[PDB]
Amino acid sequence: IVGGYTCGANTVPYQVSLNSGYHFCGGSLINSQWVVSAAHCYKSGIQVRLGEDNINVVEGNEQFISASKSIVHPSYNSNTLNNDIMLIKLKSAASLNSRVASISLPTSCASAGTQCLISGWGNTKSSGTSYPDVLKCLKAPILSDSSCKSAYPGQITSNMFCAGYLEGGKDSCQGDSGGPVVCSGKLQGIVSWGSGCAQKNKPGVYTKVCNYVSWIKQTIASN
Ligand SMILES: C[C@H]1CCCC[C@@H]1Oc1cccc(-c2nc3cc(C(N)=[NH2+])c(F)cc3[nH]2)c1[O-]
Ligand SMILES: [Ca+2]
Ligand SMILES: [Cl-]
């Protein structure tokens, strides 16, 4: 997160860290046994780390659970990043409490101007690499489709939306990939891609989760 602030320990209880010996992507807990992340964060040997704040210190509240299976969306296109969503099933259910909680899936899509919370342990520099120990937060609005398509002509599909600041300075970045974009208590986006981080007129692009609720529910119900 570039230009964001320290969230405060456990204030984002649905945030998870996907770990393979180091933090590589974020994700969102949607029930006690499933996490939603981005398809491009897929890899084998994933350990999901819940209740985290400092990812380099065991401070208490952490639950480390291995992924039993990862389900990348069948129509995921790694060249356009269209359908960039993945579901991860945990080997055992997590114990939910006030520090580890699931976030709700939306019943409708959000409108331009909605203010959302984006969080993660991704890079904090737009020019260079500085990865934080604790969770960073950024409040950012969903942009209109016209401004998004004007920024990324020919690359935005109906399963994506832009959120951020066209002036640059505040944005999600590499490492935040797979994590949550929550608006009015509902998970509306997944950090997916963007050109650089916090650059002027190059906002972040997020997977539009409201277009995948029936898919998430049918897939969870059959696995
Ligand atoms: C291929 C996976 C393997 C595990 C590590 C993440 C990597 O994926 C990535 C590699 C390099 C950059 C990104 C990335 N940059 C990003 C920048 C932005 C933004 N400008 N708001 C964003 F929204 C998502 C991004 N994701 C990214 O998601
Ligand atoms: Ca920790
Ligand atoms: Cl276009």
# chains A, B, ... in the order shown; residues from 1 in each chain; ligands from 1
$ closest_atom_pairs --of "chain A" --to "ligand 1" --cutoff "8 Å" --atoms "only C-alpha atoms and all ligand atoms" --output "Markdown table"
| residue | atom | partner | partner_atom_place_in_ligand_line | distance |
| --- | --- | --- | --- | --- |
| A:24 | CA | ligand 1 | 5 (C) | 4.6 |
| A:25 | CA | ligand 1 | 6 (C) | 5.9 |
| A:40 | CA | ligand 1 | 1 (C) | 5.3 |
| A:41 | CA | ligand 1 | 2 (C) | 4.7 |
| A:42 | CA | ligand 1 | 3 (C) | 7.1 |
| A:43 | CA | ligand 1 | 3 (C) | 7.8 |
| A:164 | CA | ligand 1 | 21 (N) | 7.8 |
| A:171 | CA | ligand 1 | 21 (N) | 5.2 |
| A:172 | CA | ligand 1 | 21 (N) | 4.2 |
| A:173 | CA | ligand 1 | 17 (C) | 3.9 |
| A:174 | CA | ligand 1 | 14 (C) | 3.7 |
| A:175 | CA | ligand 1 | 6 (C) | 5.7 |
| A:176 | CA | ligand 1 | 24 (C) | 6.7 |
| A:177 | CA | ligand 1 | 28 (O) | 4.4 |
| A:178 | CA | ligand 1 | 28 (O) | 7.4 |
| A:191 | CA | ligand 1 | 23 (F) | 4.9 |
| A:192 | CA | ligand 1 | 24 (C) | 4.5 |
| A:193 | CA | ligand 1 | 24 (C) | 3.4 |
| A:194 | CA | ligand 1 | 20 (N) | 3.7 |
| A:195 | CA | ligand 1 | 20 (N) | 5.2 |
| A:196 | CA | ligand 1 | 20 (N) | 5.0 |
| A:197 | CA | ligand 1 | 20 (N) | 3.8 |
| A:198 | CA | ligand 1 | 20 (N) | 6.0 |
| A:199 | CA | ligand 1 | 20 (N) | 7.4 |
| A:202 | CA | ligand 1 | 20 (N) | 6.8 |
| A:203 | CA | ligand 1 | 21 (N) | 5.8 |
| A:204 | CA | ligand 1 | 21 (N) | 3.2 |
| A:205 | CA | ligand 1 | 23 (F) | 5.2 |
| A:206 | CA | ligand 1 | 23 (F) | 6.4 |
$ write_last_selection --atoms "N, CA, C and O atoms" --output "compact mmCIF listing (two decimals), in the first residue's frame"
# COMPACT_ATOMS: atom_id res chain seq x y z
N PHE A 24 3.50 -13.59 0.04
CA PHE A 24 3.55 -13.30 -1.44
C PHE A 24 2.18 -12.67 -1.84
O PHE A 24 2.21 -11.88 -2.76
N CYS A 25 1.05 -12.97 -1.25
CA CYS A 25 -0.23 -12.36 -1.64
C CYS A 25 -1.15 -12.27 -0.46
O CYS A 25 -0.95 -12.95 0.53
N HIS A 40 -3.89 -15.13 -10.10
CA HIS A 40 -2.46 -15.01 -10.37
C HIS A 40 -1.58 -15.16 -9.15
O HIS A 40 -0.37 -15.06 -9.27
N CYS A 41 -2.14 -15.41 -8.02
CA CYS A 41 -1.35 -15.61 -6.79
C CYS A 41 -1.30 -17.12 -6.62
O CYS A 41 -0.76 -17.61 -5.65
N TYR A 42 -1.85 -17.89 -7.50
CA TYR A 42 -1.80 -19.35 -7.31
C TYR A 42 -0.42 -19.99 -7.29
O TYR A 42 0.46 -19.60 -8.03
N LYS A 43 -0.21 -20.97 -6.46
CA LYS A 43 1.09 -21.69 -6.39
C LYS A 43 0.81 -22.88 -5.50
O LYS A 43 -0.22 -22.90 -4.85
N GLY A 164 -9.19 4.32 -6.60
CA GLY A 164 -7.92 5.03 -6.35
C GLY A 164 -7.96 6.52 -6.55
O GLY A 164 -9.03 7.12 -6.50
N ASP A 171 -2.04 4.21 -3.31
CA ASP A 171 -2.50 3.09 -4.18
C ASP A 171 -2.16 1.73 -3.57
O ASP A 171 -1.47 1.66 -2.56
N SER A 172 -2.62 0.65 -4.16
CA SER A 172 -2.29 -0.69 -3.64
C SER A 172 -1.04 -0.99 -4.50
O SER A 172 -0.74 -0.24 -5.42
N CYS A 173 -0.30 -2.04 -4.25
CA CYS A 173 0.90 -2.33 -5.05
C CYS A 173 1.20 -3.82 -4.95
O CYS A 173 0.46 -4.55 -4.29
N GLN A 174 2.27 -4.24 -5.58
CA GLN A 174 2.69 -5.68 -5.57
C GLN A 174 2.72 -6.22 -4.13
O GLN A 174 3.25 -5.56 -3.25
N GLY A 175 2.19 -7.38 -3.83
CA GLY A 175 2.24 -7.88 -2.41
C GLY A 175 0.85 -7.70 -1.81
O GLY A 175 0.46 -8.42 -0.92
N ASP A 176 0.11 -6.72 -2.28
CA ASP A 176 -1.28 -6.45 -1.78
C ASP A 176 -2.17 -7.36 -2.64
O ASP A 176 -3.29 -7.65 -2.27
N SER A 177 -1.66 -7.78 -3.78
CA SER A 177 -2.32 -8.69 -4.80
C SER A 177 -3.16 -9.74 -4.14
O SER A 177 -2.64 -10.34 -3.22
N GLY A 178 -4.39 -9.98 -4.51
CA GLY A 178 -5.22 -11.03 -3.86
C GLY A 178 -6.00 -10.52 -2.67
O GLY A 178 -6.97 -11.16 -2.29
N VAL A 191 -7.51 -7.19 -5.18
CA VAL A 191 -6.38 -6.42 -5.76
C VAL A 191 -5.88 -7.27 -6.92
O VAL A 191 -5.47 -8.40 -6.73
N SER A 192 -5.90 -6.73 -8.11
CA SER A 192 -5.46 -7.50 -9.30
C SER A 192 -4.29 -6.89 -10.03
O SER A 192 -3.21 -7.45 -9.96
N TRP A 193 -4.41 -5.80 -10.72
CA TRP A 193 -3.23 -5.25 -11.43
C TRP A 193 -3.23 -3.77 -11.59
O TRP A 193 -4.16 -3.10 -11.18
N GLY A 194 -2.22 -3.22 -12.17
CA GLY A 194 -2.18 -1.76 -12.36
C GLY A 194 -0.86 -1.47 -13.03
O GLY A 194 -0.04 -2.36 -13.11
N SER A 195 -0.63 -0.28 -13.49
CA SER A 195 0.65 0.10 -14.14
C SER A 195 1.48 0.81 -13.07
O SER A 195 1.21 1.96 -12.72
N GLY A 196 2.47 0.13 -12.55
CA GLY A 196 3.35 0.74 -11.51
C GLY A 196 2.46 0.81 -10.28
O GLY A 196 1.46 0.10 -10.20
N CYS A 197 2.82 1.64 -9.34
CA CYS A 197 2.04 1.81 -8.12
C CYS A 197 2.05 3.28 -7.86
O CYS A 197 3.07 3.93 -7.96
N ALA A 198 0.90 3.78 -7.51
CA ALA A 198 0.64 5.21 -7.19
C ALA A 198 1.08 6.17 -8.30
O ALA A 198 1.45 7.27 -7.96
N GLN A 199 1.01 5.79 -9.56
CA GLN A 199 1.42 6.72 -10.64
C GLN A 199 0.17 7.53 -11.03
O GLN A 199 -0.97 7.11 -10.90
N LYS A 202 -3.01 6.28 -13.38
CA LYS A 202 -2.89 4.80 -13.54
C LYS A 202 -3.39 4.21 -12.23
O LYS A 202 -2.60 3.70 -11.44
N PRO A 203 -4.67 4.25 -11.97
CA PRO A 203 -5.29 3.64 -10.78
C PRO A 203 -5.16 2.11 -10.70
O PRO A 203 -4.71 1.45 -11.62
N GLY A 204 -5.55 1.52 -9.61
CA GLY A 204 -5.45 0.06 -9.49
C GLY A 204 -6.70 -0.51 -10.12
O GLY A 204 -7.70 0.19 -10.19
N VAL A 205 -6.63 -1.74 -10.57
CA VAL A 205 -7.76 -2.44 -11.21
C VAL A 205 -7.97 -3.60 -10.29
O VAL A 205 -7.05 -4.30 -9.85
N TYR A 206 -9.22 -3.81 -10.02
CA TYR A 206 -9.73 -4.85 -9.13
C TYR A 206 -10.72 -5.77 -9.79
O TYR A 206 -11.41 -5.33 -10.68
$ residues_near_ligand --ligand "ligand 3" --cutoff "12 Å" --atoms "only C-alpha atoms and all ligand atoms" --output "PDB file with C-alpha atoms, in the first residue's frame"
ATOM      1  CA  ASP A 145     -16.096   3.198 -15.761  1.00  0.00           C
ATOM      2  CA  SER A 146     -15.363   5.994 -18.151  1.00  0.00           C
ATOM      3  CA  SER A 147     -12.377   7.217 -16.192  1.00  0.00           C
ATOM      4  CA  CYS A 148     -11.120   3.623 -15.785  1.00  0.00           C
ATOM      5  CA  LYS A 149     -11.384   2.784 -19.529  1.00  0.00           C
ATOM      6  CA  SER A 150      -9.769   6.169 -20.336  1.00  0.00           C
ATOM      7  CA  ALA A 151      -6.782   5.204 -18.143  1.00  0.00           C
ATOM      8  CA  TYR A 152      -6.444   1.650 -19.503  1.00  0.00           C
ATOM      9  CA  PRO A 153      -8.026   1.701 -22.969  1.00  0.00           C
ATOM     10  CA  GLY A 154      -8.745  -1.761 -24.369  1.00  0.00           C
ATOM     11  CA  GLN A 155      -7.811  -3.531 -21.103  1.00  0.00           C
ATOM     12  CA  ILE A 156     -10.819  -3.264 -18.771  1.00  0.00           C
ATOM     13  CA  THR A 157     -13.430  -6.038 -19.037  1.00  0.00           C
ATOM     14  CA  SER A 158     -16.802  -6.088 -17.307  1.00  0.00           C
TER      15      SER A 158
END
$ atom_distance --atom1 "atom CA of residue 181 of chain A" --atom2 "atom CA of residue 119 of chain A"
7.5 Å
$ atom_distance --atom1 "atom CA of residue 73 of chain A" --atom2 "atom CA of residue 88 of chain A"
11.2 Å
$ residues_near_ligand --ligand "ligand 2" --cutoff "6 Å" --atoms "only C-alpha atoms and all ligand atoms" --output "list in words"
residues 52, 53, 54, 55, 56, 57, 58 and 59 of chain A
$ closest_residue --among "A:222, A:78, A:184, A:124" --to "residue 6 of chain A" --atoms "only C-alpha atoms"
A:124
$ select_by_dssp --residues "segment 27-215 of chain A" --states "strand (DSSP E or B)" --output "PDB file with N, CA and C atoms, in the first residue's frame"
ATOM      1  N   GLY A  27      -5.410 -12.101   0.895  1.00  0.00           N
ATOM      2  CA  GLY A  27      -6.651 -12.828   0.578  1.00  0.00           C
ATOM      3  C   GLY A  27      -7.688 -12.398   1.602  1.00  0.00           C
ATOM      4  N   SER A  28      -8.908 -12.851   1.477  1.00  0.00           N
ATOM      5  CA  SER A  28     -10.048 -12.517   2.389  1.00  0.00           C
ATOM      6  C   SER A  28     -10.719 -13.740   2.901  1.00  0.00           C
ATOM      7  N   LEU A  29     -11.017 -13.823   4.171  1.00  0.00           N
ATOM      8  CA  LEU A  29     -11.685 -15.012   4.741  1.00  0.00           C
ATOM      9  C   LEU A  29     -13.189 -14.845   4.460  1.00  0.00           C
ATOM     10  N   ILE A  30     -13.907 -15.750   3.838  1.00  0.00           N
ATOM     11  CA  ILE A  30     -15.364 -15.511   3.604  1.00  0.00           C
ATOM     12  C   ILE A  30     -16.172 -16.451   4.450  1.00  0.00           C
ATOM     13  N   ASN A  31     -15.637 -17.435   5.104  1.00  0.00           N
ATOM     14  CA  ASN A  31     -16.419 -18.342   5.991  1.00  0.00           C
ATOM     15  C   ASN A  31     -15.327 -19.062   6.768  1.00  0.00           C
ATOM     16  N   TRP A  34     -12.983 -21.177   3.906  1.00  0.00           N
ATOM     17  CA  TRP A  34     -12.600 -20.691   2.565  1.00  0.00           C
ATOM     18  C   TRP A  34     -12.102 -19.269   2.518  1.00  0.00           C
ATOM     19  N   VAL A  35     -11.154 -19.024   1.656  1.00  0.00           N
ATOM     20  CA  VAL A  35     -10.518 -17.729   1.427  1.00  0.00           C
ATOM     21  C   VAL A  35     -10.637 -17.393  -0.049  1.00  0.00           C
ATOM     22  N   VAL A  36     -10.755 -16.138  -0.377  1.00  0.00           N
ATOM     23  CA  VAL A  36     -10.854 -15.719  -1.779  1.00  0.00           C
ATOM     24  C   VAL A  36      -9.600 -14.901  -2.061  1.00  0.00           C
ATOM     25  N   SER A  37      -8.959 -15.138  -3.166  1.00  0.00           N
ATOM     26  CA  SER A  37      -7.756 -14.371  -3.489  1.00  0.00           C
ATOM     27  C   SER A  37      -7.772 -14.228  -5.007  1.00  0.00           C
ATOM     28  N   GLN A  47       0.352 -21.706   2.700  1.00  0.00           N
ATOM     29  CA  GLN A  47      -0.035 -21.813   4.129  1.00  0.00           C
ATOM     30  C   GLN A  47      -0.819 -20.477   4.275  1.00  0.00           C
ATOM     31  N   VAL A  48      -2.003 -20.516   4.783  1.00  0.00           N
ATOM     32  CA  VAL A  48      -2.808 -19.301   4.957  1.00  0.00           C
ATOM     33  C   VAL A  48      -2.549 -18.851   6.410  1.00  0.00           C
ATOM     34  N   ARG A  49      -2.212 -17.614   6.570  1.00  0.00           N
ATOM     35  CA  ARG A  49      -1.941 -17.065   7.917  1.00  0.00           C
ATOM     36  C   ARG A  49      -3.023 -16.024   8.253  1.00  0.00           C
ATOM     37  N   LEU A  50      -3.816 -16.401   9.221  1.00  0.00           N
ATOM     38  CA  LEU A  50      -4.961 -15.591   9.757  1.00  0.00           C
ATOM     39  C   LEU A  50      -4.520 -14.897  11.087  1.00  0.00           C
ATOM     40  N   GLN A  63      -3.229 -17.926  13.376  1.00  0.00           N
ATOM     41  CA  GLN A  63      -3.729 -19.298  13.140  1.00  0.00           C
ATOM     42  C   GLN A  63      -3.032 -19.540  11.783  1.00  0.00           C
ATOM     43  N   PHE A  64      -2.232 -20.561  11.688  1.00  0.00           N
ATOM     44  CA  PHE A  64      -1.494 -20.914  10.432  1.00  0.00           C
ATOM     45  C   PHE A  64      -2.189 -22.169   9.977  1.00  0.00           C
ATOM     46  N   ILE A  65      -2.818 -22.163   8.829  1.00  0.00           N
ATOM     47  CA  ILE A  65      -3.522 -23.377   8.350  1.00  0.00           C
ATOM     48  C   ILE A  65      -3.088 -23.659   6.917  1.00  0.00           C
ATOM     49  N   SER A  66      -2.882 -24.880   6.579  1.00  0.00           N
ATOM     50  CA  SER A  66      -2.465 -25.214   5.195  1.00  0.00           C
ATOM     51  C   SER A  66      -3.699 -25.202   4.267  1.00  0.00           C
ATOM     52  N   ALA A  67      -3.477 -24.887   3.024  1.00  0.00           N
ATOM     53  CA  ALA A  67      -4.597 -24.860   2.040  1.00  0.00           C
ATOM     54  C   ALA A  67      -4.848 -26.333   1.673  1.00  0.00           C
ATOM     55  N   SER A  68      -6.050 -26.822   1.558  1.00  0.00           N
ATOM     56  CA  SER A  68      -6.296 -28.235   1.193  1.00  0.00           C
ATOM     57  C   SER A  68      -6.346 -28.164  -0.359  1.00  0.00           C
ATOM     58  N   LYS A  69      -6.944 -27.177  -0.983  1.00  0.00           N
ATOM     59  CA  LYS A  69      -6.979 -27.078  -2.485  1.00  0.00           C
ATOM     60  C   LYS A  69      -7.190 -25.640  -2.892  1.00  0.00           C
ATOM     61  N   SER A  70      -6.742 -25.242  -4.041  1.00  0.00           N
ATOM     62  CA  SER A  70      -6.924 -23.860  -4.508  1.00  0.00           C
ATOM     63  C   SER A  70      -7.735 -24.066  -5.781  1.00  0.00           C
ATOM     64  N   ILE A  71      -8.737 -23.303  -6.048  1.00  0.00           N
ATOM     65  CA  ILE A  71      -9.556 -23.468  -7.267  1.00  0.00           C
ATOM     66  C   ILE A  71      -9.436 -22.181  -8.057  1.00  0.00           C
ATOM     67  N   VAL A  72      -8.654 -22.154  -9.097  1.00  0.00           N
ATOM     68  CA  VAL A  72      -8.485 -20.950  -9.929  1.00  0.00           C
ATOM     69  C   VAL A  72      -9.743 -20.940 -10.839  1.00  0.00           C
ATOM     70  N   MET A  86      -9.641 -16.656  -7.275  1.00  0.00           N
ATOM     71  CA  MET A  86      -9.312 -18.019  -6.832  1.00  0.00           C
ATOM     72  C   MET A  86      -9.932 -18.285  -5.478  1.00  0.00           C
ATOM     73  N   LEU A  87     -10.354 -19.461  -5.216  1.00  0.00           N
ATOM     74  CA  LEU A  87     -10.953 -19.799  -3.905  1.00  0.00           C
ATOM     75  C   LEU A  87      -9.933 -20.748  -3.257  1.00  0.00           C
ATOM     76  N   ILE A  88      -9.680 -20.690  -1.976  1.00  0.00           N
ATOM     77  CA  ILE A  88      -8.705 -21.610  -1.327  1.00  0.00           C
ATOM     78  C   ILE A  88      -9.501 -22.309  -0.252  1.00  0.00           C
ATOM     79  N   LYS A  89      -9.436 -23.602  -0.159  1.00  0.00           N
ATOM     80  CA  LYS A  89     -10.197 -24.318   0.881  1.00  0.00           C
ATOM     81  C   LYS A  89      -9.119 -24.594   1.944  1.00  0.00           C
ATOM     82  N   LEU A  90      -9.401 -24.423   3.216  1.00  0.00           N
ATOM     83  CA  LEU A  90      -8.405 -24.666   4.297  1.00  0.00           C
ATOM     84  C   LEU A  90      -8.471 -26.132   4.719  1.00  0.00           C
ATOM     85  N   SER A 104     -18.508 -10.381   4.412  1.00  0.00           N
ATOM     86  CA  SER A 104     -19.651 -10.820   3.588  1.00  0.00           C
ATOM     87  C   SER A 104     -19.469 -10.555   2.113  1.00  0.00           C
ATOM     88  N   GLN A 115     -16.760   4.619  -1.152  1.00  0.00           N
ATOM     89  CA  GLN A 115     -15.438   4.702  -0.458  1.00  0.00           C
ATOM     90  C   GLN A 115     -15.176   3.294   0.035  1.00  0.00           C
ATOM     91  N   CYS A 116     -13.997   2.772  -0.175  1.00  0.00           N
ATOM     92  CA  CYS A 116     -13.664   1.384   0.266  1.00  0.00           C
ATOM     93  C   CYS A 116     -12.326   1.322   1.008  1.00  0.00           C
ATOM     94  N   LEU A 117     -12.119   0.244   1.695  1.00  0.00           N
ATOM     95  CA  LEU A 117     -10.874   0.026   2.475  1.00  0.00           C
ATOM     96  C   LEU A 117     -10.086  -1.062   1.776  1.00  0.00           C
ATOM     97  N   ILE A 118      -8.880  -0.772   1.448  1.00  0.00           N
ATOM     98  CA  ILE A 118      -7.978  -1.718   0.774  1.00  0.00           C
ATOM     99  C   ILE A 118      -6.858  -1.934   1.819  1.00  0.00           C
ATOM    100  N   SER A 119      -6.418  -3.149   2.034  1.00  0.00           N
ATOM    101  CA  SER A 119      -5.338  -3.412   3.025  1.00  0.00           C
ATOM    102  C   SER A 119      -4.355  -4.447   2.543  1.00  0.00           C
ATOM    103  N   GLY A 120      -3.192  -4.485   3.118  1.00  0.00           N
ATOM    104  CA  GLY A 120      -2.176  -5.486   2.718  1.00  0.00           C
ATOM    105  C   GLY A 120      -0.766  -5.194   3.173  1.00  0.00           C
ATOM    106  N   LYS A 136      -1.024  -2.508   6.337  1.00  0.00           N
ATOM    107  CA  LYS A 136      -1.252  -1.108   5.962  1.00  0.00           C
ATOM    108  C   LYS A 136      -2.675  -1.051   5.380  1.00  0.00           C
ATOM    109  N   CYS A 137      -3.289   0.101   5.508  1.00  0.00           N
ATOM    110  CA  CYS A 137      -4.657   0.402   5.053  1.00  0.00           C
ATOM    111  C   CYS A 137      -4.724   1.632   4.188  1.00  0.00           C
ATOM    112  N   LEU A 138      -5.694   1.696   3.318  1.00  0.00           N
ATOM    113  CA  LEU A 138      -5.860   2.862   2.424  1.00  0.00           C
ATOM    114  C   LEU A 138      -7.354   2.966   2.190  1.00  0.00           C
ATOM    115  N   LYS A 139      -7.888   4.136   2.229  1.00  0.00           N
ATOM    116  CA  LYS A 139      -9.347   4.313   1.986  1.00  0.00           C
ATOM    117  C   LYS A 139      -9.324   4.822   0.540  1.00  0.00           C
ATOM    118  N   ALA A 140     -10.081   4.281  -0.377  1.00  0.00           N
ATOM    119  CA  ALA A 140     -10.043   4.781  -1.782  1.00  0.00           C
ATOM    120  C   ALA A 140     -11.402   4.629  -2.419  1.00  0.00           C
ATOM    121  N   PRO A 141     -11.828   5.523  -3.289  1.00  0.00           N
ATOM    122  CA  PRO A 141     -13.147   5.394  -3.944  1.00  0.00           C
ATOM    123  C   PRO A 141     -13.159   4.601  -5.260  1.00  0.00           C
ATOM    124  N   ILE A 142     -14.271   4.026  -5.590  1.00  0.00           N
ATOM    125  CA  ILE A 142     -14.378   3.259  -6.870  1.00  0.00           C
ATOM    126  C   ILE A 142     -14.463   4.395  -7.950  1.00  0.00           C
ATOM    127  N   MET A 160     -13.919  -6.149 -14.085  1.00  0.00           N
ATOM    128  CA  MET A 160     -12.902  -5.304 -13.427  1.00  0.00           C
ATOM    129  C   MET A 160     -13.399  -3.912 -13.117  1.00  0.00           C
ATOM    130  N   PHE A 161     -12.800  -3.203 -12.198  1.00  0.00           N
ATOM    131  CA  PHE A 161     -13.238  -1.818 -11.905  1.00  0.00           C
ATOM    132  C   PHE A 161     -11.966  -1.154 -11.407  1.00  0.00           C
ATOM    133  N   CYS A 162     -11.899   0.138 -11.464  1.00  0.00           N
ATOM    134  CA  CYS A 162     -10.708   0.878 -11.006  1.00  0.00           C
ATOM    135  C   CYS A 162     -11.055   1.555  -9.692  1.00  0.00           C
ATOM    136  N   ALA A 163     -10.109   1.745  -8.808  1.00  0.00           N
ATOM    137  CA  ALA A 163     -10.392   2.420  -7.505  1.00  0.00           C
ATOM    138  C   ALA A 163      -9.127   3.180  -7.222  1.00  0.00           C
ATOM    139  N   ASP A 171      -2.038   4.210  -3.310  1.00  0.00           N
ATOM    140  CA  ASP A 171      -2.496   3.085  -4.178  1.00  0.00           C
ATOM    141  C   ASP A 171      -2.159   1.727  -3.571  1.00  0.00           C
ATOM    142  N   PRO A 180      -8.272  -7.736  -0.109  1.00  0.00           N
ATOM    143  CA  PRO A 180      -9.648  -7.222  -0.119  1.00  0.00           C
ATOM    144  C   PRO A 180      -9.848  -5.749  -0.406  1.00  0.00           C
ATOM    145  N   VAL A 181     -10.993  -5.445  -0.966  1.00  0.00           N
ATOM    146  CA  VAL A 181     -11.398  -4.050  -1.285  1.00  0.00           C
ATOM    147  C   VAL A 181     -12.776  -4.231  -0.629  1.00  0.00           C
ATOM    148  N   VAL A 182     -12.998  -3.631   0.526  1.00  0.00           N
ATOM    149  CA  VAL A 182     -14.291  -3.757   1.246  1.00  0.00           C
ATOM    150  C   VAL A 182     -15.016  -2.412   1.200  1.00  0.00           C
ATOM    151  N   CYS A 183     -16.276  -2.437   0.890  1.00  0.00           N
ATOM    152  CA  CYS A 183     -17.049  -1.181   0.806  1.00  0.00           C
ATOM    153  C   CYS A 183     -18.308  -1.475   1.552  1.00  0.00           C
ATOM    154  N   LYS A 186     -18.928  -5.065   2.688  1.00  0.00           N
ATOM    155  CA  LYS A 186     -19.071  -6.210   1.742  1.00  0.00           C
ATOM    156  C   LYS A 186     -17.784  -6.280   0.941  1.00  0.00           C
ATOM    157  N   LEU A 187     -17.364  -7.456   0.572  1.00  0.00           N
ATOM    158  CA  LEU A 187     -16.121  -7.630  -0.226  1.00  0.00           C
ATOM    159  C   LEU A 187     -16.511  -7.270  -1.705  1.00  0.00           C
ATOM    160  N   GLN A 188     -16.090  -6.156  -2.240  1.00  0.00           N
ATOM    161  CA  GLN A 188     -16.451  -5.795  -3.634  1.00  0.00           C
ATOM    162  C   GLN A 188     -15.289  -6.058  -4.582  1.00  0.00           C
ATOM    163  N   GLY A 189     -14.067  -6.024  -4.155  1.00  0.00           N
ATOM    164  CA  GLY A 189     -12.931  -6.265  -5.069  1.00  0.00           C
ATOM    165  C   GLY A 189     -11.792  -7.092  -4.519  1.00  0.00           C
ATOM    166  N   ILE A 190     -10.904  -7.472  -5.414  1.00  0.00           N
ATOM    167  CA  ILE A 190      -9.697  -8.271  -5.117  1.00  0.00           C
ATOM    168  C   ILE A 190      -8.606  -7.457  -5.825  1.00  0.00           C
ATOM    169  N   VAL A 191      -7.505  -7.191  -5.177  1.00  0.00           N
ATOM    170  CA  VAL A 191      -6.384  -6.425  -5.755  1.00  0.00           C
ATOM    171  C   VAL A 191      -5.883  -7.272  -6.923  1.00  0.00           C
ATOM    172  N   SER A 192      -5.898  -6.730  -8.109  1.00  0.00           N
ATOM    173  CA  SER A 192      -5.457  -7.497  -9.297  1.00  0.00           C
ATOM    174  C   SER A 192      -4.289  -6.895 -10.030  1.00  0.00           C
ATOM    175  N   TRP A 193      -4.414  -5.795 -10.721  1.00  0.00           N
ATOM    176  CA  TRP A 193      -3.227  -5.253 -11.435  1.00  0.00           C
ATOM    177  C   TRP A 193      -3.228  -3.768 -11.592  1.00  0.00           C
ATOM    178  N   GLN A 199       1.009   5.786  -9.556  1.00  0.00           N
ATOM    179  CA  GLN A 199       1.420   6.718 -10.642  1.00  0.00           C
ATOM    180  C   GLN A 199       0.173   7.530 -11.029  1.00  0.00           C
ATOM    181  N   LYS A 202      -3.012   6.282 -13.383  1.00  0.00           N
ATOM    182  CA  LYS A 202      -2.892   4.802 -13.543  1.00  0.00           C
ATOM    183  C   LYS A 202      -3.389   4.206 -12.234  1.00  0.00           C
ATOM    184  N   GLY A 204      -5.552   1.522  -9.609  1.00  0.00           N
ATOM    185  CA  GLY A 204      -5.448   0.060  -9.492  1.00  0.00           C
ATOM    186  C   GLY A 204      -6.695  -0.508 -10.121  1.00  0.00           C
ATOM    187  N   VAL A 205      -6.632  -1.736 -10.569  1.00  0.00           N
ATOM    188  CA  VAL A 205      -7.759  -2.440 -11.206  1.00  0.00           C
ATOM    189  C   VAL A 205      -7.968  -3.604 -10.291  1.00  0.00           C
ATOM    190  N   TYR A 206      -9.216  -3.806 -10.019  1.00  0.00           N
ATOM    191  CA  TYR A 206      -9.728  -4.851  -9.128  1.00  0.00           C
ATOM    192  C   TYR A 206     -10.716  -5.772  -9.785  1.00  0.00           C
ATOM    193  N   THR A 207     -10.777  -7.000  -9.333  1.00  0.00           N
ATOM    194  CA  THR A 207     -11.691  -8.020  -9.855  1.00  0.00           C
ATOM    195  C   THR A 207     -13.008  -7.625  -9.236  1.00  0.00           C
ATOM    196  N   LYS A 208     -14.038  -7.574 -10.038  1.00  0.00           N
ATOM    197  CA  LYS A 208     -15.416  -7.186  -9.611  1.00  0.00           C
ATOM    198  C   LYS A 208     -16.109  -8.401  -9.021  1.00  0.00           C
TER     199      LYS A 208
END
$ residues_around --residues "residue 123 of chain A" --least-positions-apart "2" --cutoff "6 Å" --atoms "only C-alpha atoms" --output "PyMOL selection string"
chain A and resi 1+125+129-131+173-174
$ write_last_selection --atoms "C-alpha atoms" --output "CSV table (one decimal), in the first residue's frame"
chain,number,residue,atom,x,y,z
A,1,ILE,CA,0.0,0.0,0.0
A,125,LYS,CA,7.1,2.7,-2.4
A,129,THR,CA,10.8,-1.8,-2.8
A,130,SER,CA,10.0,-1.4,0.9
A,131,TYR,CA,7.8,-4.2,2.4
A,173,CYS,CA,0.9,-2.3,-5.0
A,174,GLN,CA,2.7,-5.7,-5.6
$ closest_atom_pairs --of "segment 54-141 of chain A" --to "segment 14-18 of chain A" --cutoff "6 Å" --atoms "only C-alpha atoms" --output "Markdown table"
| residue | atom | partner | partner_atom | distance |
| --- | --- | --- | --- | --- |
| A:101 | CA | A:14 | CA | 5.1 |
| A:102 | CA | A:14 | CA | 5.1 |
| A:103 | CA | A:14 | CA | 5.9 |
$ closest_residue --among "A:21, A:166, A:111, A:39" --to "residue 79 of chain A" --atoms "only C-alpha atoms"
A:39
$ atom_distance --atom1 "atom CA of residue 201 of chain A" --atom2 "atom CA of residue 144 of chain A"
13.0 Å
